[PDB]
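Chemist:
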Amino acid sequence: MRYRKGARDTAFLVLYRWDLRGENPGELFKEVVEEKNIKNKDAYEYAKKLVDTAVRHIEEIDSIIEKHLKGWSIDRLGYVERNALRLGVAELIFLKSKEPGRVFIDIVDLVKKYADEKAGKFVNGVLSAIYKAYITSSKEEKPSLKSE
Numbered sequence: 001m002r003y004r005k006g007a008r009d010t011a012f013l014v015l016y017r018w019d020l021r022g023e024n025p026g027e028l029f030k031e032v033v034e035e036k037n038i039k040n041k042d043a044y045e046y047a048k049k050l051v052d053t054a055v056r057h058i059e060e061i062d063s064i065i066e067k068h069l070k071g072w073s074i075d076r077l078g079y080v081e082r083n084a085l086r087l088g089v090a091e092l093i094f095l096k097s098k099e100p101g102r103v104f105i106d107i108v109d110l111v112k113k114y115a116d117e118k119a120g121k122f123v124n125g126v127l128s129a130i131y132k133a134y135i136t137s138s139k140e141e142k143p144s145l146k147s148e
């Protein structure tokens, strides 16, 4: 059984908890595992690390999303999406990458099950928005000072 598949899906819920509690996602995760018969501890632990990929710079991630929001707000409307968005980008570069287009879809497909399917359309599209912004946010490496 692809236990890892579940560990990844649960990632969003952790981020979702931040919207309500906004505290150490590590402790919060412990609360849900209790209700959700995750069982496969491997998955629960693996899941934790997965969400951390998002937390490696959560705030910056929002910023990363904002640069492409063309001014809009990641909060848009749907709540899940807002949190889910961070989890999707977590992969982008934070986790290196690896089939980014498909990576979001699965994650986004997960949203269809939880959050409205219509939101999934926006979730995937907006996810790619960060990708384009990344290539631009790459780096320019300015000169030490030259002044020569």
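The numbering of the sequence shown is the authors' numbering, which starts it at 1 and goes up by one. Beta carbons: idealized from backbone N, C-alpha and C, even for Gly.
What do you get for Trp72, buried or exposed, if any count of 16 or more other CB atoms within 10 angstroms of its CB means buried?
Modeler: Locating residue 72 in the sequence shown gives position 72, counting from the first residue. With fewer than 16 Cβ atoms within 10 Å of its Cβ, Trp72 is classed as exposed.
Chemist: Are at least three pairs of beta-carbons, each pair with one atom in the region 109-128 and one in the region 19-36, less than 8 Å apart?
Modeler: Short answer: they don't touch.
Chemist: One question on the structure: do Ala133 and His57 come within less than 7 Å of each other, judged by their Cβ atoms?
Modeler: In the sequence shown, counting from the first residue as 1, residue 133 sits at position 133. In the sequence shown, counting from the first residue as 1, residue 57 sits at position 57. In this structure, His57 does not lie closer than 7 Å to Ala133 by Cβ.
Chemist: Can you have a look at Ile135 and say buried or exposed, based on whether 16 or more other CB atoms are within 10 angstroms of its CB?
Modeler: Indexing the sequence shown from 1 puts residue 135 at position 135. Counting Cβ neighbours within 10 Å, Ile135 comes out exposed, since fewer than 16 surround it.
Chemist: Below 8 Å, can you find three or more Cβ-Cβ pairs linking the region 30-43 to the region 88-95?
Modeler: As far as the Cβ criterion goes, the region 30-43 does not touch the region 88-95, which means the pair count is below three.
Chemist: Would you say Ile64 and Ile130 are within 7 Å of each other, going by their C-beta atoms?
Modeler: As a working note, residue 64 is residue 64 in the sequence shown. As a working note, residue 130 is residue 130 in the sequence shown. Cβ atoms of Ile64 and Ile130: closer than 7 Å.
Chemist: Give every residue of the same chain whose Cβ lies closer than 6 Å to the Cβ of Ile38, excluding the five residues on either side of it in the sequence, and list them in chain order.
Modeler: Walking along the sequence shown from the start, residue 38 turns up at place 38. Closer than 6 Å at the Cβ level, and outside the excluded window around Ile38, lie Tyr44.
Chemist: Suppose only complete runs of 4+ residues qualify. What are the alpha helix (DSSP H) ranges in the region 6-78, listed by chain order?
Modeler: 25-35, 41-55, 58-66, all fully within the region 6-78.
Chemist: Please go through the same chain and pick out, in chain order, the residues whose beta-carbon is closer than 7 Å to the beta-carbon of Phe104, but skip the five residues on each side of it.
Modeler: On the sequence shown, position 104 is the one that residue 104 refers to. Excluding sequence neighbours, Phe104 sits near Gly88, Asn124, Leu127.
Chemist: Let me make sure I understand the geometry here. Which of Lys118, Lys142, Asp109, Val55 has the alpha-carbon closest to that of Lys5?
Modeler: Here residue 5 is taken as the residue at index 5 of the sequence shown, counted from 1. That would be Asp109, whose Cα lies nearest to the Cα of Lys5.
Chemist: Could you check if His68 belongs to the surroundings of the ligand FAD, using beta carbon to heavy atom distance under 6 Å?
Modeler: No copy of the ligand FAD appears in this structure; indeed no ligand is present at all.
Chemist: What span of residues does the alpha helix (DSSP H) with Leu127 cover, start to end?
Modeler: Along the sequence shown, read from residue 1 onward, the residue named residue 127 stands at position 127. Note, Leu127: alpha helix (DSSP H), 117-137.
Chemist: If contacts are defined as beta-carbon pairs under 8 Å, then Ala84 and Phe12 qualify, I think. What distance do you get, rounded to the angstrom?
Modeler: Along the sequence shown, one-based indexing puts residue 84 at 84. Along the sequence shown, one-based indexing puts residue 12 at 12. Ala84 to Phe12, Cβ: 5 Å. Contact.
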